[PDB]
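Below is one structure, written out as structure tokens, with a few remarks after it.
Taken together, the values in this text are just the output of simple stated rules run on the coordinates, not laboratory data. Here the Cβ positions follow ideal geometry from the backbone for every residue, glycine too, while neighbour counts run over all protein chains shown.
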Amino acid sequence: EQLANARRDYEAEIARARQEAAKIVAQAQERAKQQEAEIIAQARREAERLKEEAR
Amino acid sequence: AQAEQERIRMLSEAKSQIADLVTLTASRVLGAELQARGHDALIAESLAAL
């Protein structure tokens, strides 16, 4: 019984840690992609405004 | 920075275009003046070095 309980606890701990790490990594990647897209859009808008002012 | 560089390039191109237009206008004015007065007056300059 002790051996079975130890094995089950270790398996549960490993699964929980892996799930948490995967979720955090996915959230960080999505946030970074969104920030990059917003930055690109803002840069394009600023360039267009500067070109209009120069013209 | 790229926008500033593009503005500088546009200013330089505008200055170049202004210079070219001024040269064309000066050439037209000089041609009209030569047609009116006559290029013969420049013949005396042939003895400056030749």
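Taking the criterion of being loosely packed, with under 10 Cβ neighbours inside 10 Å and closer than 19 Å to A:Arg55 by Cα, would at least one residue in the range B:14-28 satisfy it?
no
Looking at A:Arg44, A:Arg8, A:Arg31, which is the one that is closer than 30 Å to B:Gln2 by Cα, without any contact (Cβ under 8 Å) to a residue 24 or more places away in the chain and either exposed (fewer than 10 other Cβ atoms within 10 Å of the Cβ) or away from every other protein chain (no Cβ under 14 Å) (or both)?
Answer to the selection: A:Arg31.
Give A:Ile14, A:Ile24, A:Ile39 a once-over and let me know the one that is more than 14 Å from chain B (Cβ to nearest Cβ), under 30 Å from B:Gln5 (Cβ atoms) and surrounded by 10 or more Cβ atoms within 10 Å (Cβ to Cβ).
Exactly one residue qualifies, and that residue is A:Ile39.
Taking the condition exposed (fewer than 10 other Cβ atoms within 10 Å of the Cβ) and more than 14 Å from chain B (Cβ to nearest Cβ), does A:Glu1 pass?
So A:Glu1 passes the test.
Out of B:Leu42, B:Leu11, report the one residue that is surrounded by 10 or more Cβ atoms within 10 Å (Cβ to Cβ) and within 24 Å of A:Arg49 (Cβ to Cβ).
So the residue among B:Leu42, B:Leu11 that is surrounded by 10 or more Cβ atoms within 10 Å (Cβ to Cβ) and within 24 Å of A:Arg49 (Cβ to Cβ) is B:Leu11.
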